[PDB]
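What follows is one structure encoded as structure tokens, with my remarks underneath.
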Protein chains: 2
Amino acid sequence: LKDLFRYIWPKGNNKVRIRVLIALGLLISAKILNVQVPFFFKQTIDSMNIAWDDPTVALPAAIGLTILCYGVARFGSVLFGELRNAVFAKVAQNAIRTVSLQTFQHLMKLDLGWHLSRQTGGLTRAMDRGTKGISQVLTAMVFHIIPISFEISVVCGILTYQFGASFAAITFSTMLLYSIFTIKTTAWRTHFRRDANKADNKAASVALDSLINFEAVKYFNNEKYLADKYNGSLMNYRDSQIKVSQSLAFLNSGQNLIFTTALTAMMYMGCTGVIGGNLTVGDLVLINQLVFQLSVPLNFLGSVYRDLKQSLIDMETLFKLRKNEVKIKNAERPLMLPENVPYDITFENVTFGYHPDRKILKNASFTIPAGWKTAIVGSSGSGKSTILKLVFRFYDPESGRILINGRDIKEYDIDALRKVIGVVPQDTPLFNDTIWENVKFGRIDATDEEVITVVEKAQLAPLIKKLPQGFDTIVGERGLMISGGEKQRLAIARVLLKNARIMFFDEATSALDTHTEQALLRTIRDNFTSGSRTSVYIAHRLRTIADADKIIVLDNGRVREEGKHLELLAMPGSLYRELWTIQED
Amino acid sequence: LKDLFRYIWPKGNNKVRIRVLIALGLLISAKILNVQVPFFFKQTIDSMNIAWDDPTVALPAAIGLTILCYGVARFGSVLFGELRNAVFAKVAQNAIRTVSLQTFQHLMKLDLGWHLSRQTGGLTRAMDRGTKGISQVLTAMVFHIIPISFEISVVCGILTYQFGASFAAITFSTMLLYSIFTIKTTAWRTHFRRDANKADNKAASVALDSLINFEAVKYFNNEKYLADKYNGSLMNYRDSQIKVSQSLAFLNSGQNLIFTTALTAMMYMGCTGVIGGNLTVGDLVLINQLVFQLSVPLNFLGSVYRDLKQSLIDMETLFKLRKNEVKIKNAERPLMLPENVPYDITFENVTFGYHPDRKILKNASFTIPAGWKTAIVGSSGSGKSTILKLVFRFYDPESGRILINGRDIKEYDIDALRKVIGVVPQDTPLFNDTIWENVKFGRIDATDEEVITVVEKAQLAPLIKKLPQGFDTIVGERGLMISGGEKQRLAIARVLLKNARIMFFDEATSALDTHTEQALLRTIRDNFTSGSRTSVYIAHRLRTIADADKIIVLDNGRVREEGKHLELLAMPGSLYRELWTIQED
Ligand SMILES: CCCCCCCC/C=C/CCCCCCCC(=O)O[C@H](COC(=O)CCCCCCCCCCC)COP(=O)(O)OCCN
Ligand SMILES: CCCCCCCC/C=C/CCCCCCCC(=O)O[C@H](COC(=O)CCCCCCCCCCC)COP(=O)(O)OCCN
Ligand SMILES: Nc1ncnc2c1ncn2[C@@H]1O[C@H](COP(=O)(O)OP(=O)(O)NP(=O)(O)O)[C@@H](O)[C@H]1O
Ligand SMILES: Nc1ncnc2c1ncn2[C@@H]1O[C@H](COP(=O)(O)OP(=O)(O)NP(=O)(O)O)[C@@H](O)[C@H]1O
Ligand SMILES: [Mg+2]
Ligand SMILES: [Mg+2]
């Protein structure tokens with residue numbers, strides 16, 4: 001409940017502070033009128049209690065005027081309440097916008113290991129629940145918590161100042177018992193609430209992880225297994241929610257029992273005071289109406305805001321997302337890459353592990369030169385795409401250096417380094433919109449003719465002619481509404497559009513036939529000058545990297561061989577020779 | 001609001017019907033006591049209005065008893081309210097469990113084209129919002145809509161039967177104006193509500209489609225573009241929510257103005273009646289308290305249930321999910337596949353298109369024989385995986401037949417057909433749990449030794465030894481926390497575990513090196529007898545399908561060539577010959 005106060009009452013921006021102060025003033029005045037209306041009611045009561053000696057007499061003007069004042073005060077209370085609602089809505093919605101956008105920006109700033117460890121549906125669910133929790137927390141703390149507190153305070157003061165100290169003792173002992181009971185009961189309901197939250201999260205995790213792999217669910221006939229798992233989670237959530245609802249019923253019943261005992265004790269004290277010729281029926285009316293219109297709001301907002309602590313939990317998960325750690329960040333004095341030169345990557349005694357318990361790279365050292373086409377090869381699980389994610393600075397090594405033109409990539413603006421490097425990754429999840437905006441995701445600021453020409457160079461024009469909604473065909477969930485080769489070609493088109501200098505191709509020809517593959521590689525190596533771009537091909541089809549100027553063979557996270565094609569093929573004891581042997585026959 | 005009544009009041013299961021009837025009875029009695037308490041208040045008032053001639057007199061017993069009855073009726077009202085809450089909670093949670101499970105089952109029953117066209121995050125968001133909407137709709141329709149309606153009815157009746165017909169006219173004209181105003185105002189707020197819903201859905205779609213492709217977002221430096229898109233959606237949602245909150249404030253203010261005019265008119269009528277020696281101050285107290293304790297609940301539940309129509313929209317989207325169409329369903333008299341025989345697929349003049357405007361297969365006809373290893377090849381976008389999804393009966397063709405052992409696959413139980421067919425798909429999205437339960441997803445009812453031996457046959461033992469948490473390593477979001485070859489090998493292991501008869505391999509060696517590839521194919525073709533399984537390899541590395549007994553070459557959705565390796569290679573004019581030529585040099 002602190003960060004929220006930092007968003008609704010921030011440093012600077014006196015506009016929102018003035019808005020909050022006006023909301024507070026309207027709240028105050030609303031409660032003042034809601035507490036003053038019963039005095040007008042008492043006045044009209046005690047003024048009508050006289051003996052009228054003529055049934056035809058017209059209503060005196062004083063009583064008409066005080067009834068008018070009663071109605072006007074009731075209306076004014078509700079009116080100020082609603083104006084407060086409006087103003088603080090204008091405030092809370094700005095707060096929610098701000099926090100949602102900041103959280104999105106951060107999520108975009110975080111590292112990869114933090115996103116892969118977590119399920120995206122979980123992040124979106126947390127964000128939605130947290131925005132709704134902010135909304136409910138505010139809608140409750142400025143409509144039905146602070147106002148009822150102010151009203152309780154002024155009611156205690158009135159009943160202590162106008163009807164003696166007895167009523168004061170009654171009210172204070174009542175507040176004491178109310179607090180004790182609510183405390184000892186929330187300490188016992190929190191358990192069921194926690195269980196229900198856990199079970200709901202588990203059930204949603206199951207549903208999501210199942211719908212994502214719907215194919216891999218039907219392919220193996222495990223619908224019933226997952227449905228029974230979901231049903232178990234749901235049956236735990238059901239029992240927990242039932243128990244918390246029963247406990248909340250018990251809570252509210254006991255609260256209202258305490259309050260009603262207080263109310264009847266107040267009626268009895270006022271009645272034995274009227275007996276003593278001190279008070280009057282007007283006083284009983286006043287006391288009972290004060291306490292009753294203070295009570296029924298309390299009971300109803302307590303039984304209605306049955307979900308407010310869960311809202312705090314959601315909001316806190318959201319703020320935790322917003323306050324995680326950014327492992328990859330610019331230095332204090334970040335440089336910027338050269339202007340017009342070919343780039344040269346260099347791994348110097350690097351050693352990296354996605355987790356501290358395993359080392360994927362064991363003292364790797366090599367040189368990806370400038371203007372040349374190098375090709376990385378090796379066994380699977382050997383640390384090829386790991387290099388590709390180090391240079392792009394998704395992770396940073398634990399020991400060693402990554403140099404570009406002789407400067408560690410930590411001395412560079414990450415956003416300036418990630419703008420000269422263009423990657424065709426292994427997995428190519430696209431968007432759920434047209435082919436147009438997915439090919440135009442490389443250079444948003446691109447003229448459509450460039451999109452068209454790179455599409456023609458990525459061997460995509462035939463597909464675009466066959467499809468009847470060419471350049472508008474929706475490609476469904478992460479690209480599943482098209483082929484696997486077409487996704488590779490869309491990614492290659494994105495990369496040709498970025499028009500970068502260092503081009504990584506992590507198996508961009510694994511789903512393409514030999515014809516399309518060779519045509520595409522020819523179109524690529526013939527698009528750029530012979531000394532401009534620095535290309536790195538992660539290849540398992542060693543026939544596509546035969547024209548490479550430097551082949552980097554690595555195994556078990558260590559560079560074993562380095563050299564051109566024939567220098568390795570015509571050399572005994574070479575792993576590349578064994579791979580080419582098994583590839584030839 | 002009809003399907004909900006079908007879940008809370010179903011055919012059979014008299015238990016839930018009796019529970020609902022008891023909840024209704026408790027609601028009735030609660031409102032009865034809440035309407036009777038003011039009569040006790042009036043009695044004590046009019047009994048204390050006498051002139052006491054001794055300040056020391058003790059309180060008579062009748063007045064003490066009627067005050068006791070007043071407090072007891074207040075407590076009983078709240079108590080019955082809370083018991084009703086508990087009971088109907090036990091009912092509504094069962095309803096929610098039932099609907100969630102049925103919706104999940106259906107989603108699992110629907111076809112693929114329905115899942116690919118939609119984003120899974122959207123489905124999970126709809127389900128969550130719909131469950132919360134069911135909860136809120138019930139919590140509002142049995143706590144603060146039906147009860148207030150019954151109370152309004154009995155209040156109208158009382159004020160019509162006990163204080164003449166004037167009060168009746170006042171109350172009925174008040175209800176008329178209230179209704180007219182609320183109608184003409186909701187007709188004007190629905191627009192802002194719709195706009196806000198649209199914008200929230202758009203913003204969430206953006207956030208999701210961006211977090212899923214976080215890699216493809218950072219790889220191209222389009223964080224700011226997506227953040228500005230999100231901010232635009234959020235700034236539309238902000239203005240719309242602001243406008244609906246202001247409009248709701250105006251609504252509630254006008255409602256309470258009408259109600260307060262009614263209240264003051266009632267006070268004036270009662271006062272001019274007291275003038276006429278007919279009524280008494282007790283009557284004014286009674287009227288005003290009835291109307292006031294009927295009012296403040298109404299106003300507060302109206303300003304609190306600001307989100308109830310959106311809940312209906314969510315619940316209706318959920319029920320629509322639950323009432324979509326199942327294109328793929330068993331026949332009326334479904335057969336079951338033979339017991340112990342090799343299966344033989346046969347496409348007979350088939351013609352299929354994922355959408356009615358394009359035909360991926362143009363009169364395809366061929367025969368995947370039994371006990372043999374056939375291999376499908378052809379250009380990309382040519383309709384290979386389409387076959388693989390037809391046989392598995394994800395879609396059904398528009399013209400033609402798919403035969404297994406001479407019987408159309410429509411005359412078979414889909415769940416019996418999908419249990420003899422094991423697929424290694426192109427895209428292999430795994431789960432977010434250990435390698436163990438992802439290799440044990442083929443045959444859940446498998447002894448761990450089989451898991452271990454298939455893992456050893458899928459060339460995964462080395463990885464399992466290297467990892468320090470072997471067989472427990474979490475594989476992150478859809479398998480991104482491991483290699484791309486390791487995912488292929490996990491899928492091949494799943495398939496070897498299913499121990500099926502018809503094995504489809506849609507490019508299961510695209511990320512594996514030649515060494516692992518040949519070792520794995522050898523381990524596979526040597527695991528089963530030479531005439532048991534029927535294998536279909538979708539291959540782009542034509543060196544892995546040279547030992548095939550039948551190669552099916554298709555282009556532009558039509559089978560062009562069919563025959564063994566050399567029969568096509570040593571034949572001029574063959575597409576397979578051109579592919580092998582481009583693959584050799
Ligand atoms: C989390 C937030 C917590 C904050 C807590 C702060 C609140 C502290 C409590 C305040 C004590 C107020 C006690 C009021 C004493 C006055 C009682 C009284 O008789 O006043 C009434 C009604 O006035 C009325 O209508 C009285 C209404 C109250 C008057 C001022 C309220 C205080 C405003 C403070 C602004 C922040 C006047 O009617 P009469 O019968 O003519 O009284 C004759 C006596 N002069
Ligand atoms: C979406 C749902 C819509 C459903 C609508 C149905 C409701 C229809 C409305 C009902 C009209 C009720 C009219 C009540 C007339 C009785 C008024 C009255 O004077 O009764 C009071 C209080 O009783 C009381 O406490 C009166 C309380 C009401 C008595 C019965 C209520 C009806 C129960 C129906 C059950 C379904 C008795 O106090 P006294 O001063 O002693 O009265 C002396 C006269 N005998
Ligand atoms: N839901 C879909 N809606 C429309 N078209 C689709 C859909 N799914 C696949 N396609 C298209 O239908 C054509 C053939 O699809 P597909 O059967 O996957 O080819 P493929 O043989 O798998 N190519 P590849 O896997 O790369 O070797 C292509 O034009 C696809 O883009
Ligand atoms: N988030 C991760 N956490 C732990 N291990 C990982 C993670 N990501 C990748 N790995 C592991 O690190 C090792 C090398 O990963 P990787 O760099 O992707 O190999 P690769 O060269 O891409 N193989 P392939 O793409 O199939 O040719 C493998 O054992 C992976 O399983
Ligand atoms: Mg890789
Ligand atoms: Mg395919």
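Residues in the structure tokens are named by chain (A, B, ... in the order shown) and by number from 1 within that chain; ligands are numbered from 1 in the order shown.
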If we count only C-alpha atoms, what is near residue 82 in chain A at a cut-off of 12 Å, once residues fewer than 5 positions away on the same chain are taken out, given as an MDAnalysis selection string?
-> (chainID A and resid 23 26:27 30 75:77 87:89 139 142:143) or (chainID B and resid 245:256 299:300 302:304)
Take the selection from the previous step and output its residues with N, CA and C atoms, as a PDB file, in the first residue's frame.
ATOM      1  N   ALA A  23     -10.899  15.578  -3.727  1.00  0.00           N
ATOM      2  CA  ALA A  23     -11.638  14.362  -3.412  1.00  0.00           C
ATOM      3  C   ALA A  23     -11.771  14.184  -1.908  1.00  0.00           C
ATOM      4  N   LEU A  26     -14.341  16.627  -0.505  1.00  0.00           N
ATOM      5  CA  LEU A  26     -15.700  16.205  -0.812  1.00  0.00           C
ATOM      6  C   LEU A  26     -16.112  15.023   0.053  1.00  0.00           C
ATOM      7  N   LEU A  27     -15.193  14.092   0.288  1.00  0.00           N
ATOM      8  CA  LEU A  27     -15.447  12.995   1.216  1.00  0.00           C
ATOM      9  C   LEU A  27     -15.817  13.523   2.597  1.00  0.00           C
ATOM     10  N   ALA A  30     -19.232  15.161   2.561  1.00  0.00           N
ATOM     11  CA  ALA A  30     -20.266  14.147   2.419  1.00  0.00           C
ATOM     12  C   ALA A  30     -20.576  13.506   3.759  1.00  0.00           C
ATOM     13  N   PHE A  75     -29.350  14.448  -0.022  1.00  0.00           N
ATOM     14  CA  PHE A  75     -28.943  14.554  -1.415  1.00  0.00           C
ATOM     15  C   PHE A  75     -27.514  15.054  -1.535  1.00  0.00           C
ATOM     16  N   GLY A  76     -27.139  16.043  -0.726  1.00  0.00           N
ATOM     17  CA  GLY A  76     -25.788  16.570  -0.791  1.00  0.00           C
ATOM     18  C   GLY A  76     -24.749  15.545  -0.394  1.00  0.00           C
ATOM     19  N   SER A  77     -25.053  14.727   0.609  1.00  0.00           N
ATOM     20  CA  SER A  77     -24.147  13.647   0.966  1.00  0.00           C
ATOM     21  C   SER A  77     -23.909  12.735  -0.224  1.00  0.00           C
ATOM     22  N   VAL A  87     -13.911  12.236  -9.469  1.00  0.00           N
ATOM     23  CA  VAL A  87     -12.580  12.832  -9.419  1.00  0.00           C
ATOM     24  C   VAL A  87     -11.521  11.756  -9.202  1.00  0.00           C
ATOM     25  N   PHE A  88     -11.695  10.942  -8.165  1.00  0.00           N
ATOM     26  CA  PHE A  88     -10.691   9.932  -7.903  1.00  0.00           C
ATOM     27  C   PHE A  88     -10.669   8.851  -8.969  1.00  0.00           C
ATOM     28  N   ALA A  89     -11.722   8.722  -9.774  1.00  0.00           N
ATOM     29  CA  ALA A  89     -11.635   7.870 -10.951  1.00  0.00           C
ATOM     30  C   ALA A  89     -10.664   8.461 -11.958  1.00  0.00           C
ATOM     31  N   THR A 139     -11.148   1.946  -5.103  1.00  0.00           N
ATOM     32  CA  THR A 139     -12.597   2.016  -4.988  1.00  0.00           C
ATOM     33  C   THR A 139     -13.093   1.619  -3.606  1.00  0.00           C
ATOM     34  N   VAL A 142     -11.258   4.629  -0.736  1.00  0.00           N
ATOM     35  CA  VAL A 142     -11.752   5.997  -0.798  1.00  0.00           C
ATOM     36  C   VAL A 142     -13.263   6.070  -0.934  1.00  0.00           C
ATOM     37  N   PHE A 143     -13.957   4.937  -0.985  1.00  0.00           N
ATOM     38  CA  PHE A 143     -15.415   4.915  -0.958  1.00  0.00           C
ATOM     39  C   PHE A 143     -15.979   4.333   0.326  1.00  0.00           C
TER      40      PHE A 143
ATOM     41  N   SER B 245     -17.320   6.328 -15.440  1.00  0.00           N
ATOM     42  CA  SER B 245     -17.400   6.630 -14.016  1.00  0.00           C
ATOM     43  C   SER B 245     -18.137   7.941 -13.773  1.00  0.00           C
ATOM     44  N   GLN B 246     -17.846   8.966 -14.573  1.00  0.00           N
ATOM     45  CA  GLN B 246     -18.595  10.212 -14.463  1.00  0.00           C
ATOM     46  C   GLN B 246     -20.078   9.987 -14.724  1.00  0.00           C
ATOM     47  N   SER B 247     -20.400   9.200 -15.749  1.00  0.00           N
ATOM     48  CA  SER B 247     -21.794   8.953 -16.079  1.00  0.00           C
ATOM     49  C   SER B 247     -22.492   8.185 -14.969  1.00  0.00           C
ATOM     50  N   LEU B 248     -21.787   7.243 -14.346  1.00  0.00           N
ATOM     51  CA  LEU B 248     -22.358   6.501 -13.232  1.00  0.00           C
ATOM     52  C   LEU B 248     -22.581   7.407 -12.033  1.00  0.00           C
ATOM     53  N   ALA B 249     -21.680   8.364 -11.817  1.00  0.00           N
ATOM     54  CA  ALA B 249     -21.883   9.342 -10.757  1.00  0.00           C
ATOM     55  C   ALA B 249     -23.141  10.158 -11.009  1.00  0.00           C
ATOM     56  N   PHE B 250     -23.313  10.625 -12.244  1.00  0.00           N
ATOM     57  CA  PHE B 250     -24.521  11.363 -12.595  1.00  0.00           C
ATOM     58  C   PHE B 250     -25.762  10.505 -12.396  1.00  0.00           C
ATOM     59  N   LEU B 251     -25.694   9.245 -12.819  1.00  0.00           N
ATOM     60  CA  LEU B 251     -26.810   8.326 -12.647  1.00  0.00           C
ATOM     61  C   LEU B 251     -27.198   8.202 -11.183  1.00  0.00           C
ATOM     62  N   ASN B 252     -26.234   7.872 -10.326  1.00  0.00           N
ATOM     63  CA  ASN B 252     -26.537   7.674  -8.915  1.00  0.00           C
ATOM     64  C   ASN B 252     -27.041   8.957  -8.273  1.00  0.00           C
ATOM     65  N   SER B 253     -26.463  10.101  -8.643  1.00  0.00           N
ATOM     66  CA  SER B 253     -26.918  11.365  -8.083  1.00  0.00           C
ATOM     67  C   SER B 253     -28.373  11.628  -8.444  1.00  0.00           C
ATOM     68  N   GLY B 254     -28.737  11.418  -9.708  1.00  0.00           N
ATOM     69  CA  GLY B 254     -30.119  11.629 -10.101  1.00  0.00           C
ATOM     70  C   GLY B 254     -31.066  10.640  -9.451  1.00  0.00           C
ATOM     71  N   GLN B 255     -30.650   9.376  -9.362  1.00  0.00           N
ATOM     72  CA  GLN B 255     -31.464   8.368  -8.697  1.00  0.00           C
ATOM     73  C   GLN B 255     -31.752   8.772  -7.261  1.00  0.00           C
ATOM     74  N   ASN B 256     -30.712   9.166  -6.529  1.00  0.00           N
ATOM     75  CA  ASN B 256     -30.906   9.540  -5.138  1.00  0.00           C
ATOM     76  C   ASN B 256     -31.662  10.850  -5.013  1.00  0.00           C
ATOM     77  N   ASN B 299     -28.510   2.515  -3.127  1.00  0.00           N
ATOM     78  CA  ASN B 299     -27.484   3.413  -3.640  1.00  0.00           C
ATOM     79  C   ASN B 299     -26.104   2.778  -3.560  1.00  0.00           C
ATOM     80  N   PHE B 300     -25.801   2.110  -2.448  1.00  0.00           N
ATOM     81  CA  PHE B 300     -24.447   1.595  -2.274  1.00  0.00           C
ATOM     82  C   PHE B 300     -24.191   0.391  -3.171  1.00  0.00           C
ATOM     83  N   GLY B 302     -25.619  -0.015  -5.999  1.00  0.00           N
ATOM     84  CA  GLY B 302     -25.578   0.492  -7.353  1.00  0.00           C
ATOM     85  C   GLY B 302     -24.239   1.115  -7.676  1.00  0.00           C
ATOM     86  N   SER B 303     -23.667   1.836  -6.710  1.00  0.00           N
ATOM     87  CA  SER B 303     -22.359   2.445  -6.916  1.00  0.00           C
ATOM     88  C   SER B 303     -21.222   1.448  -6.749  1.00  0.00           C
ATOM     89  N   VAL B 304     -21.485   0.303  -6.130  1.00  0.00           N
ATOM     90  CA  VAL B 304     -20.469  -0.726  -5.945  1.00  0.00           C
ATOM     91  C   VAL B 304     -20.484  -1.731  -7.086  1.00  0.00           C
TER      92      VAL B 304
END
Determine, using only C-alpha atoms and all ligand atoms, which residues of chain A have any atom at most 10 Å from an atom of ligand 3, and tabulate each with its shortest atom pair and distance in Å to one decimal place, rows ordered by chain and then rising number, as a tab-separated table.
residue	atom	partner	partner_atom_place_in_ligand_line	distance
A:462	CA	ligand 3	29 (O)	9.8
A:463	CA	ligand 3	29 (O)	6.6
A:464	CA	ligand 3	29 (O)	9.2
A:466	CA	ligand 3	29 (O)	7.9
A:467	CA	ligand 3	29 (O)	7.3
A:473	CA	ligand 3	4 (C)	8.2
A:474	CA	ligand 3	3 (N)	8.3
A:475	CA	ligand 3	3 (N)	7.5
A:476	CA	ligand 3	1 (N)	7.3
A:477	CA	ligand 3	1 (N)	9.7
A:479	CA	ligand 3	8 (N)	9.0
A:480	CA	ligand 3	8 (N)	6.5
A:481	CA	ligand 3	1 (N)	3.8
A:482	CA	ligand 3	31 (O)	3.4
A:483	CA	ligand 3	18 (O)	4.1
A:484	CA	ligand 3	26 (O)	4.0
A:485	CA	ligand 3	26 (O)	3.7
A:486	CA	ligand 3	26 (O)	6.4
A:487	CA	ligand 3	26 (O)	8.2
A:488	CA	ligand 3	26 (O)	8.6
A:489	CA	ligand 3	26 (O)	9.9
A:509	CA	ligand 3	26 (O)	9.8
A:510	CA	ligand 3	26 (O)	8.7
A:511	CA	ligand 3	26 (O)	4.9
A:512	CA	ligand 3	26 (O)	6.0
A:513	CA	ligand 3	27 (O)	7.3
Restrict the selected residues to N, CA, C and O atoms and save them as a compact mmCIF listing (two decimals), in the first residue's frame.
# COMPACT_ATOMS: atom_id res chain seq x y z
N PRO A 462 5.77 -16.43 -54.95
CA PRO A 462 4.81 -17.47 -55.34
C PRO A 462 3.72 -17.69 -54.31
O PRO A 462 2.53 -17.73 -54.65
N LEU A 463 4.10 -17.86 -53.04
CA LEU A 463 3.10 -18.01 -51.99
C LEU A 463 2.15 -16.83 -51.96
O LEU A 463 0.94 -16.99 -51.78
N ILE A 464 2.69 -15.62 -52.13
CA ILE A 464 1.86 -14.42 -52.05
C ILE A 464 0.88 -14.38 -53.21
O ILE A 464 -0.21 -13.80 -53.09
N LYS A 466 -0.34 -17.25 -54.70
CA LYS A 466 -1.29 -18.34 -54.50
C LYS A 466 -2.37 -17.95 -53.50
O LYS A 466 -3.56 -18.14 -53.76
N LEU A 467 -1.97 -17.42 -52.35
CA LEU A 467 -2.94 -17.04 -51.35
C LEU A 467 -3.89 -15.99 -51.93
O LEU A 467 -3.45 -15.08 -52.64
N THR A 473 -2.93 -12.27 -45.32
CA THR A 473 -3.25 -13.54 -44.71
C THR A 473 -2.81 -13.57 -43.26
O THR A 473 -1.62 -13.47 -42.96
N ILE A 474 -3.78 -13.72 -42.36
CA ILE A 474 -3.46 -13.90 -40.95
C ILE A 474 -2.70 -15.20 -40.77
O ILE A 474 -3.02 -16.22 -41.40
N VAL A 475 -1.68 -15.18 -39.92
CA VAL A 475 -0.82 -16.33 -39.70
C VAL A 475 -1.03 -16.93 -38.31
O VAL A 475 -0.15 -17.58 -37.77
N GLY A 476 -2.20 -16.70 -37.71
CA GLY A 476 -2.60 -17.39 -36.51
C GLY A 476 -1.64 -17.31 -35.35
O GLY A 476 -0.75 -16.46 -35.31
N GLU A 477 -1.83 -18.21 -34.38
CA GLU A 477 -1.05 -18.21 -33.15
C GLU A 477 0.41 -18.51 -33.47
O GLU A 477 0.74 -19.61 -33.92
N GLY A 479 2.31 -18.12 -35.80
CA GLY A 479 2.72 -18.56 -37.12
C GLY A 479 2.30 -19.96 -37.50
O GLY A 479 2.82 -20.50 -38.48
N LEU A 480 1.37 -20.56 -36.76
CA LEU A 480 0.98 -21.93 -37.02
C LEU A 480 0.04 -22.07 -38.22
O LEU A 480 -0.18 -23.20 -38.67
N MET A 481 -0.50 -20.98 -38.73
CA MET A 481 -1.40 -21.02 -39.88
C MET A 481 -0.66 -20.93 -41.20
O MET A 481 -1.27 -20.61 -42.23
N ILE A 482 0.64 -21.20 -41.21
CA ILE A 482 1.42 -21.34 -42.43
C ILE A 482 2.48 -22.41 -42.20
O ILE A 482 2.60 -22.99 -41.12
N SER A 483 3.28 -22.66 -43.23
CA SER A 483 4.26 -23.72 -43.21
C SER A 483 5.38 -23.39 -42.23
O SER A 483 5.36 -22.37 -41.54
N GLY A 484 6.36 -24.28 -42.16
CA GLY A 484 7.53 -24.06 -41.35
C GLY A 484 8.65 -23.44 -42.15
O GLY A 484 9.50 -22.72 -41.61
N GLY A 485 8.66 -23.72 -43.46
CA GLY A 485 9.59 -23.03 -44.34
C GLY A 485 9.21 -21.59 -44.56
O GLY A 485 10.07 -20.71 -44.65
N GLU A 486 7.91 -21.32 -44.65
CA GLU A 486 7.44 -19.95 -44.85
C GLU A 486 7.77 -19.08 -43.65
O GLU A 486 8.04 -17.89 -43.82
N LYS A 487 7.75 -19.64 -42.44
CA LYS A 487 8.16 -18.87 -41.27
C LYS A 487 9.64 -18.52 -41.35
O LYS A 487 10.04 -17.38 -41.07
N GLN A 488 10.48 -19.49 -41.71
CA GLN A 488 11.90 -19.22 -41.90
C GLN A 488 12.11 -18.12 -42.92
O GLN A 488 12.96 -17.24 -42.74
N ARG A 489 11.34 -18.15 -44.01
CA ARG A 489 11.52 -17.16 -45.06
C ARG A 489 11.03 -15.79 -44.62
O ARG A 489 11.63 -14.77 -44.96
N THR A 509 17.63 -22.67 -42.72
CA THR A 509 17.33 -23.50 -43.87
C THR A 509 17.04 -24.94 -43.45
O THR A 509 17.30 -25.88 -44.20
N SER A 510 16.48 -25.12 -42.26
CA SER A 510 16.21 -26.45 -41.75
C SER A 510 14.90 -27.02 -42.26
O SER A 510 14.73 -28.24 -42.30
N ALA A 511 13.96 -26.16 -42.66
CA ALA A 511 12.67 -26.58 -43.18
C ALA A 511 12.52 -26.32 -44.67
O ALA A 511 11.47 -26.62 -45.24
N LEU A 512 13.54 -25.78 -45.33
CA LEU A 512 13.49 -25.45 -46.74
C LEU A 512 14.09 -26.58 -47.57
O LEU A 512 15.07 -27.21 -47.16
N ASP A 513 13.50 -26.83 -48.73
CA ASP A 513 14.06 -27.82 -49.64
C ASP A 513 15.37 -27.31 -50.23
O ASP A 513 15.73 -26.13 -50.12
For CA of residue 47 in chain A and CA of residue 73 in chain A, determine how far apart the two atoms are, in Å to one decimal place.
-> 18.7 Å
Got a sec: who's within 8 Å of range 190-198 of chain A, counting only C-alpha atoms, leaving out chain neighbours fewer than 6 positions off, as a PyMOL selection string?
-> chain A and resi 236-238+240-241+243-244+310
Selection to disk with C-alpha atoms, as a PDB file, in the first residue's frame:
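Writing the result to part_21.pdb gives the following:
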ATOM      1  CA  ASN A 236      -9.571 -27.880  -4.064  1.00  0.00           C
ATOM      2  CA  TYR A 237     -10.435 -24.308  -5.054  1.00  0.00           C
ATOM      3  CA  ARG A 238     -14.120 -25.124  -4.579  1.00  0.00           C
ATOM      4  CA  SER A 240     -11.435 -23.555  -0.096  1.00  0.00           C
ATOM      5  CA  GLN A 241     -13.802 -20.917  -1.469  1.00  0.00           C
ATOM      6  CA  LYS A 243     -14.846 -22.533   3.579  1.00  0.00           C
ATOM      7  CA  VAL A 244     -13.826 -18.892   3.236  1.00  0.00           C
ATOM      8  CA  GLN A 310      -6.408 -11.000  -2.686  1.00  0.00           C
TER       9      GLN A 310
END
Step one, run DSSP on the backbone; step two, keep only residues of range 279-468 of chain B assigned to strand (DSSP E or B); then write them as a ChimeraX atom specification.
-> /B:335,345-352,361-368,373-377,399-404,407-408,412,421-424
Once you count only C-alpha atoms and all ligand atoms, which residues end up within 8 Å of ligand 2, and could you hand them over as number ranges by chain?
-> B: 28, 31-33, 35-36, 39, 146-147, 149-151, 153-159, 161-162
